[PDB]
Every structure is written in C-alpha cells, then in structure tokens.
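This document starts with two versions of one protein chain, written out as structure tokens and named structure 1 and structure 2.
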Structure 1
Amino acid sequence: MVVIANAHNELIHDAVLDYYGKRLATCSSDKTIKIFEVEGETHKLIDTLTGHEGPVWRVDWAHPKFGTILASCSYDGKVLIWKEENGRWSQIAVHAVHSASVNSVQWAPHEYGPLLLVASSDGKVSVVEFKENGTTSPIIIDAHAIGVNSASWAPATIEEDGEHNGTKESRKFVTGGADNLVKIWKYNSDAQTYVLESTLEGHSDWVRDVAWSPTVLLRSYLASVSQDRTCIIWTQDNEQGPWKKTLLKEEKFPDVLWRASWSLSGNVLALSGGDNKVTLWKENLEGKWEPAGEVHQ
C-alpha cells in the first residue's frame, strides 16, 4: 500500500487520484496544491503549485482525453486551472468571478467538453469552459441565499425534444446551500442559462455536499449530506417525475457529515463524517441501505 506522510504541514482538505491512478493531487490551508507521482507502491513529489491566497478547499481532475489537467478552488474566491506538459506543471487559466470563497469545483461529463461547475459562499454558481484555442465566457446564476457549499453534475443523457420532434441533451446539476436546501438545475437554450427545476427540502441545517450518482441505471440517485447529522438519499424514477426522499439510516449520525462520494458503478456510497470515520453503504434486496465496509483508521 502507498503511504504519504506529511504532504503538508497544515490541514489537508482534499486528495484526489487522477483517472489512471498514477498522479495524486493534494491541497491545504497552506495555500498550495501538491502533485505526487504514484507508480506501483512508490511515490514522489513532482511539483508544488502556488497561486492561491487562502486555503485551497478542493481539486478535481479533468478527463484524460483533454490531457493532464487539474482544477483548484479556494477561500480567495478563485478557481485555478493547471496543466502538465512534458513532465512539468504550470498555471493555464484563472476563473475569478466570485466575491467570496469558492467551495467546490467539478469537471462536467466529457460529453460537454472541458467545462467547469463552480460553487461559492457569495450565493452564486458559475459554469465556465476551458480552452486554449478560443475565448471563454462564464454563466453566473444566483443559486442559494446564504451560500453554496457544493455543486455536482448529473450524468450526460439524451432526452426527447418535443418542439422539434427530435433529440436534445439535458444538462443538469445539483447544488447544496447554507440555506438547508438542495436544488436541481437544467440548462435552457431559450433562457440561455441554467434554470431551477426542483427544490428539495429535507435537511434542518447547512448542506455540506451533494453527489449525483453516475449510475447507468434509469432511476436517478442523489446523496445529500448535512450538519443536521443526516444523509438523505434522493431518487427519481423518471426524468420528468418527482423526487423520493429517504434517510440513509433512521438515526442521526454521531457528528456532522462533510463529504459524499459514489463509486464509479454507482451502487456504493462513501460518507466522510465528523466522527473521523468513512462509512460505505449499499442497498439490500428490499432497497434499504446497509453497511458495505468501513475505514476508521
């Protein structure tokens, strides 16, 4: 097993393997990103990335067909985009539109091209492209009252296009805000922006994370995670129908819940909590969620 001790002297907020599992990216209150090479059981520091002016909260890798590209977000309200060329790292883009902390950044399904979803404490969400061959332009929407803690893409899907009797793609994402709400957003070519599809109420305190399952199955799954110490699982039988709400388990968790992440096949849910434990969950025959393993080290 690969162990990395002391990647930062300060708090580590995120660590993410790239697609081939041979680079690791880590980020800290020390305002830096670090890129580690992982080849077999060994590891080595490749480069430290400086640029942010406050703690870096999250990072996300872009799909390998776009090359070797990382995105970072920070308390300083900026999103930075980094590329690896001929072994060396550098900064290639800056997304600086928000007037308060940027809490999450996430690359969209590769079907949309290199495109970013960005969530901020200023209450807004932004979506901007990455290009080296052209001019970009952000779409900025007012999402949540007190602030947005998290935003996550739904999988690419094709839907029926009525107005023209053909097929159009439906781009959706989900957001979670300091207003205790979860919201679904859908791009609308007429409005030229993302518009509110649904408002899901269930939590009694800030929503810290939302993760839309990449399940290839027809039903849709969302996991939302709150400071109310609960995890809500949202399902939708039909693209155009209502959302079902279900508590992962009937009783409050011991501490606050922080992150939620689905496995690639979309059946396993891993929860990061305040009790400093990661818990895995999956459905039984009757559809009830049950322990699927743990990491409590």
Structure 2
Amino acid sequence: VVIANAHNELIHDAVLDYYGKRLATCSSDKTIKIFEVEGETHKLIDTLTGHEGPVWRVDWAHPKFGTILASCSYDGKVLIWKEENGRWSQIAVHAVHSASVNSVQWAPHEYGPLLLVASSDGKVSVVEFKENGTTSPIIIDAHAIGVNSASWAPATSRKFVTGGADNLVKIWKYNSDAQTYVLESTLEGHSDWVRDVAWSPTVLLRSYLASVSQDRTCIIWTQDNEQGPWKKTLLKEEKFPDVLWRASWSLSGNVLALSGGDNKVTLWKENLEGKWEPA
C-alpha cells in the first residue's frame, strides 16, 4: 500500500488518523497533503498551504472534536486545519515561539483539545483551543539549546515527556497551585541531542518511555509505580549505524517502531529478562 510520489520535496512526516484511514503528510515544500486510503489505492484530497518554512510534524485530533489537524514548522508557527463543510481550511494559528517548532501532539481526548508544542527556543507551550475563539497558552522553559520532542502520557494526573538538545529527558506534571507543568524528573543517559521521546499508551501497571538521540542509542525508561525510580534500559548494547530520529509505540502490545538515518525500520519487543529483542 505504497503512496509513491506524494511530494516533490523530501517528506518529514506521515501520520494516519484515529481510524487508520486518512493520511496526513508534510514536507520541505512548506505544504501538508491529505490522502484518503482504502485498498491499494490512494486519492489526494487537498493541499494545505500557509507555512513559510519546511513542515516538520503533524497530528490528528480525536474525531469527537471534529476533523482537526495540527501542523508545525521551521517558520515558528503551529497551524490548525479542519475538514468542515467538505473543504479544508486553516482555522487557528499558534505563534508564540521565537524559533523552529519541532513537535506537535494532541492530548488524550479526556483532557480536551489540548496541544503539546515543543520548540527550538527552548520553550514548550500548552494550548487549549477554546470554543469561544480565544486561547490562553501555558508556556514553560523546558530545555537548554532547544526542545526537539514532546509526548503525552496516557490518561489516568496530567503528564508529558520532553526531549532536548541539552541531552536530557524530562517529565512534567500539572500542578493546581503553580497553575502549570512543574518538573517531576530529569532523566539522564544520552550523550547528544535527543530527537524523539515517546510514552507508551500501555494501560498496564508499568509505564514505558522511549528516548532516541543523535548519540545513536535508544533508551527505554520504565516506572513500576506512581512516584519512585525511572529505570534506564538501553535497547541494545551496540550503537545504531546512524542517528535515530523516531520512536513509536503500538496501541496495544507495547511494540516499538524505531526510525534511523540509515533509512531502516526496526521493531522491538520485551523479553522475560526485561531486555529487548526484535519483533
């Protein structure tokens, strides 16, 4: 089911929607492309223009909010697109960061239309898109040199994981008194810029985190209980041939998709020992 030649420039991201049917792609041509997918056939629905720089990442909102899509770019902005009345249009613009916006992710539907946004200015912002038009973005200094990736924990208590160019991995928790996301834990282990962090949706009694870096190592991080120690586990003892860019968790199974600069995809599962083997 290959959708060959989607863009004429290098593609940076491709994500399916909540149903696993509708595809959203973004590239250096500064545009988003939306594809309907069925059998071995694809159909280009629209092209979404507005970004003034390469589009880095995209994410689909839960359908219960409507057919929404957030995108982020080098231009320093997050653009929100909807498919209402059979056509696609830009409805919102989040322009709070003073540098490239590297990562964009929708919260668990439980919380609402919250958007997690990581940037090269070292700020990480949180944006609820209110039904009254206005927004009140919560903003935090998260990382030195810049933030590269931010992911939500699953719905329980509100948590997300950030990856930065300061080599660190950080877990933030919302607080009522501080009215913001305070730091819960700094996770150390990476010798170079972190590119992607990913929290597993696993509903089990253990929490799984997957960091990925320019140092060409993947580290799984595990937590057996609320509060207490995060355990560093190196996916494999030898380094990967090239810089790792992405990690992705299966919706159930706790399987791990790993993307490298060698253009190779590697799937990993957890054995009895607590170590990781191919899947």
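Only residues modelled in both forms are compared. Just so we're on the same page, residue numbers count up from 1 along structure 1's sequence. Heads up, when I say rigid core I mean the largest set of C-alphas that superpose within 1.5 Å between the two forms.
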Mobile residue between the two structures, C-alpha criterion 2 Å or more, rigid core, from 131, 110, 219, 186:
131
Rigid core superposition, residue 251 Cα moves 2 angstroms or more between the two structures:
no
Is residue 237 displaced by at least 2 Å at its C-alpha between the two structures when the rigid core is overlaid?
no
Flag for residue 39, CA shift 2 Å or larger between the two structures after aligning core:
yes
Using a rigid core superposition, the C-alpha offset of residue 204 between the two structures in Å is 0.2
Rigid-core-superposed Cα shift at residue 266 between the two structures, Å:
4.6
With the core fitted, just quote the Cα shift at residue 85 between the two structures, in angstrom to one decimal.
1.1
Looking only at residues found in both forms, which runs of 3 or more have C-alpha shifts of at least 2 Å between the two structures after a core fit?
39-41, 131-135, 285-287
